[PDB]
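Okay, upload30.cif now, which holds mmCIF, C-alpha atoms:
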data_structure
loop_
_atom_site.group_PDB
_atom_site.id
_atom_site.type_symbol
_atom_site.label_atom_id
_atom_site.label_comp_id
_atom_site.auth_asym_id
_atom_site.auth_seq_id
_atom_site.Cartn_x
_atom_site.Cartn_y
_atom_site.Cartn_z
ATOM 1 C CA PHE P 1 105.953 104.763 163.791
ATOM 2 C CA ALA P 2 102.689 103.708 162.207
ATOM 3 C CA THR P 3 99.416 102.126 163.295
ATOM 4 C CA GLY P 4 96.371 101.047 161.322
ATOM 5 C CA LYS P 5 92.593 101.515 161.634
ATOM 6 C CA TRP P 6 89.639 100.254 159.464
ATOM 7 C CA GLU P 7 87.545 102.958 157.729
ATOM 8 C CA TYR P 8 84.893 102.681 155.028
ATOM 9 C CA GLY P 9 85.350 103.739 151.415
ATOM 10 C CA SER P 10 84.155 102.920 147.946
ATOM 11 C CA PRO P 11 85.841 100.667 145.401
ATOM 12 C CA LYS P 12 84.209 102.526 142.425
ATOM 13 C CA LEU P 13 83.921 106.287 142.526
ATOM 14 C CA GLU P 14 81.842 107.395 139.561
ATOM 15 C CA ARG P 15 81.052 110.944 138.413
ATOM 16 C CA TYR P 16 78.681 112.531 135.832
ATOM 17 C CA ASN P 17 79.403 115.969 134.373
ATOM 18 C CA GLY P 18 82.384 116.705 136.638
ATOM 19 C CA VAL P 19 80.518 115.852 139.859
ATOM 20 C CA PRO P 20 80.246 112.823 142.167
ATOM 21 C CA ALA P 21 77.437 110.453 141.297
ATOM 22 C CA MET P 22 75.736 107.034 141.267
ATOM 23 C CA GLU P 23 74.295 105.263 138.269
ATOM 24 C CA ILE P 24 70.875 103.563 138.562
ATOM 25 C CA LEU P 25 69.623 101.003 136.020
ATOM 26 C CA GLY P 26 66.221 99.210 136.118
ATOM 27 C CA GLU P 27 63.217 98.256 133.980
ATOM 28 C CA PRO P 28 59.419 98.788 133.796
ATOM 29 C CA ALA P 29 56.704 96.521 135.248
ATOM 30 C CA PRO P 30 56.101 93.575 132.807
ATOM 31 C CA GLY P 31 53.401 94.957 130.485
ATOM 32 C CA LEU P 32 53.511 98.715 131.269
ATOM 33 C CA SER P 33 55.896 100.821 129.141
ATOM 34 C CA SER P 34 59.476 102.135 129.219
ATOM 35 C CA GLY P 35 57.877 105.623 129.142
ATOM 36 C CA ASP P 36 55.766 104.885 132.262
ATOM 37 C CA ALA P 37 58.599 103.473 134.411
ATOM 38 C CA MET P 38 60.118 106.989 134.107
ATOM 39 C CA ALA P 39 57.002 108.818 135.398
ATOM 40 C CA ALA P 40 57.905 106.888 138.617
ATOM 41 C CA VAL P 41 61.625 107.817 138.984
ATOM 42 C CA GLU P 42 60.564 111.476 138.473
ATOM 43 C CA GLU P 43 58.405 111.062 141.630
ATOM 44 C CA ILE P 44 61.041 109.194 143.746
ATOM 45 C CA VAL P 45 63.646 111.997 143.361
ATOM 46 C CA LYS P 46 61.222 114.280 145.275
ATOM 47 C CA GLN P 47 61.961 112.678 148.667
ATOM 48 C CA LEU P 48 65.775 112.721 148.240
ATOM 49 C CA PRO P 49 68.370 114.406 150.481
ATOM 50 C CA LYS P 50 68.438 117.957 149.142
ATOM 51 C CA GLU T 1 87.040 135.590 146.097
ATOM 52 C CA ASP T 2 84.155 133.743 147.762
ATOM 53 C CA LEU T 3 81.786 134.222 144.804
ATOM 54 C CA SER T 4 84.531 133.612 142.200
ATOM 55 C CA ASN T 5 85.441 130.393 143.927
ATOM 56 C CA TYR T 6 81.671 129.600 143.892
ATOM 57 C CA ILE T 7 81.666 130.069 140.082
ATOM 58 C CA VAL T 8 84.815 128.045 139.287
ATOM 59 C CA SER T 9 83.851 125.270 141.664
ATOM 60 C CA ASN T 10 80.084 124.995 141.005
ATOM 61 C CA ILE T 11 79.101 126.911 137.838
ATOM 62 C CA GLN T 12 82.008 126.604 135.284
ATOM 63 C CA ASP T 13 82.040 122.870 134.563
ATOM 64 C CA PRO T 14 78.211 122.614 133.992
ATOM 65 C CA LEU T 15 78.269 125.833 131.905
ATOM 66 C CA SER T 16 81.389 124.796 129.929
ATOM 67 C CA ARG T 17 79.628 121.539 128.885
ATOM 68 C CA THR T 18 76.359 123.277 128.081
ATOM 69 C CA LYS T 19 74.873 122.734 124.638
ATOM 70 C CA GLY T 20 76.311 125.494 122.494
ATOM 71 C CA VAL T 21 78.735 126.925 125.073
ATOM 72 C CA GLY T 22 82.263 127.105 123.654
ATOM 73 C CA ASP T 23 85.156 129.036 125.095
ATOM 74 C CA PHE T 24 84.747 130.786 128.435
ATOM 75 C CA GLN T 25 86.745 133.093 130.660
ATOM 76 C CA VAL T 26 86.120 133.731 134.408
ATOM 77 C CA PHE T 27 86.638 137.181 135.899
ATOM 78 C CA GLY T 28 88.257 135.673 139.007
ATOM 79 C CA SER T 29 89.603 132.320 140.260
ATOM 80 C CA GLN T 30 89.014 129.365 142.521
ATOM 81 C CA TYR T 31 90.590 129.230 145.980
ATOM 82 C CA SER T 32 94.119 127.959 146.363
ATOM 83 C CA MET T 33 96.012 126.953 149.446
ATOM 84 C CA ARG T 34 98.202 130.072 149.684
ATOM 85 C CA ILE T 35 101.488 130.122 151.619
ATOM 86 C CA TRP T 36 103.133 133.523 152.228
ATOM 87 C CA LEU T 37 106.752 132.985 153.270
ATOM 88 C CA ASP T 38 108.151 135.452 155.775
ATOM 89 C CA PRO T 39 111.753 136.265 154.687
ATOM 90 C CA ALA T 40 112.819 137.244 158.239
ATOM 91 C CA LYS T 41 110.882 134.499 160.147
ATOM 92 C CA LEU T 42 112.482 132.096 157.611
ATOM 93 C CA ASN T 43 115.964 133.459 158.312
ATOM 94 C CA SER T 44 115.521 133.011 162.098
ATOM 95 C CA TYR T 45 115.512 129.195 161.530
ATOM 96 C CA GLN T 46 118.349 129.157 158.902
ATOM 97 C CA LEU T 47 115.633 127.800 156.513
ATOM 98 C CA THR T 48 115.056 128.541 152.796
ATOM 99 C CA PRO T 49 111.932 128.684 150.572
ATOM 100 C CA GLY T 50 113.328 125.582 148.777
#
Entire entry expressed as structure tokens:
Amino acid sequence: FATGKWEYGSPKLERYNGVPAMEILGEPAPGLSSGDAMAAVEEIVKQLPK
Amino acid sequence: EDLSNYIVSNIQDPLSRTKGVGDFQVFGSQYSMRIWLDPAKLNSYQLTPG
């Protein structure tokens, strides 16, 4: 009475403020600044799937 | 119902955890899967709401 197929799913469903999400952790370029490395990520989010 | 559901499902949780926001109270609800039993259509199959 039962068959099986293979789908795709995640082994670690995170959420931030009651909403699905994905954490991202990196560093700055050796010598720059932790403040600078964030001027970047502010730019990257521009070309992201609205 | 459509706008209410839009509040409860997209605006509540971010508002409710907004710096300074305390209690809240929506003038409406979210959607629910409603099931309206027909007493006569139910009878026709000797079935109960249980």
### Task
Restrict the distance test to only C-alpha atoms, flag each residue of chain P within 10 Å of chain T, and return the flagged residues as an MDAnalysis selection string.
chainID P and resid 17:19
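Neighbours of residue 7 (chain T) closer than or equal to 10 Å, with all atoms listed in the file counted and sequence neighbours fewer than 4 positions away skipped, come out as residues 1, 2, 3, 11, 12, 13, 15, 26, 27, 28, 29 and 30 of chain T.
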### Message
Env of residue 37 (chain T): 10 Å cut, atoms = all atoms listed in the file, seq-sep filter 3 positions within chain, self excluded. Answer as number ranges by chain.
### Response
T: 34, 40-42, 48-49
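Between CA of residue 14 (chain P) and CA of residue 31 (chain T) lies a distance of 24.4 Å.
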### Query
Between CA of residue 32 (chain T) and CA of residue 13 (chain P), what is the distance, to one decimal in Å?
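Computing it gives 24.3 Å between the two atoms.
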I'd like the neighbourhood of region 5-12 of chain P as a PDB file with C-alpha atoms, in the coordinates of the input, where a residue qualifies if any of its atoms comes within 12 Å (using all atoms listed in the file), though same-chain residues fewer than 3 positions away should be ignored.
ATOM      1  CA  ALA P   2     102.689 103.708 162.207  1.00  0.00           C
ATOM      2  CA  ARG P  15      81.052 110.944 138.413  1.00  0.00           C
ATOM      3  CA  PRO P  20      80.246 112.823 142.167  1.00  0.00           C
ATOM      4  CA  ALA P  21      77.437 110.453 141.297  1.00  0.00           C
ATOM      5  CA  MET P  22      75.736 107.034 141.267  1.00  0.00           C
ATOM      6  CA  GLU P  23      74.295 105.263 138.269  1.00  0.00           C
TER       7      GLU P  23
END
### Query
How would you write as a PyMOL selection string the residues that get within 12 Å of (68.5, 101.8, 140.6) in the file's frame, counting all atoms listed in the file?
chain P and resi 22-28+37-38+40-41+44-45
### Task
One decimal, Å: what's the distance from CA of residue 4 (chain P) over to CA of residue 33 (chain T), could you say?
28.5 Å
